[PDB]
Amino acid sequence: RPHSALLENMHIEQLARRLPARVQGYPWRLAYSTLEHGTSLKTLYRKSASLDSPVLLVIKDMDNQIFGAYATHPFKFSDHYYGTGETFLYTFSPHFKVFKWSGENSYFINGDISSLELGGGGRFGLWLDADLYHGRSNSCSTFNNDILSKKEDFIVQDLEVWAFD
């Protein structure tokens, strides 16, 4: 079993039970960490470039709340949305909750030069700036999610991207 600087053992177990069958039982491998690597979206893209695997995004904001996404595709720069229906958002605040694909649109993942976002329909379920510093979470139609953080706007304390290959 893995050790995360952000997820306690109980959180890892709750998340692992919600992963799709595609990666059930697969060991977790830490591909990008703001604690270990340069803190920037560019570094995240570069550390994701060799991944042959769906990925698990783990964010801890400056209020110590934990939330993120399971994405069917490694995070990459794009000029249109990508990802498919197994992508979901999750949060642990106030309690562990998963927001699966609603079927309403397929705006799962978009990697801009200056931001990474999941969800669409002008709200993003999850948005991170180019420094992985400012973030935002809104209810969006892709996932019909709750605001993943306390309020809409948050600050990343640290984040991790795990892979299964």
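The numbering used is simple: start at 1 and walk along the sequence shown.
Unmodelled residues of the deposited sequence between neighbouring positions residue 121 and residue 122 number 1 to 3. For the pair 123-131 and 50-58, the mean Cα B-factor is higher in 123-131. Higher mean CA temperature factor, per the PDB entry, when comparing 1-9 with 156-164: 1-9. Of the candidates 29, 97, 100, 42, the deposited coordinates give 97 the top C-alpha B factor. In the PDB entry, a CA B factor belonging to the lowest third of its chain's modelled residues is recorded for residue 117.
The deposited CA B-factor of residue 140 belongs to the highest third of values across its chain.
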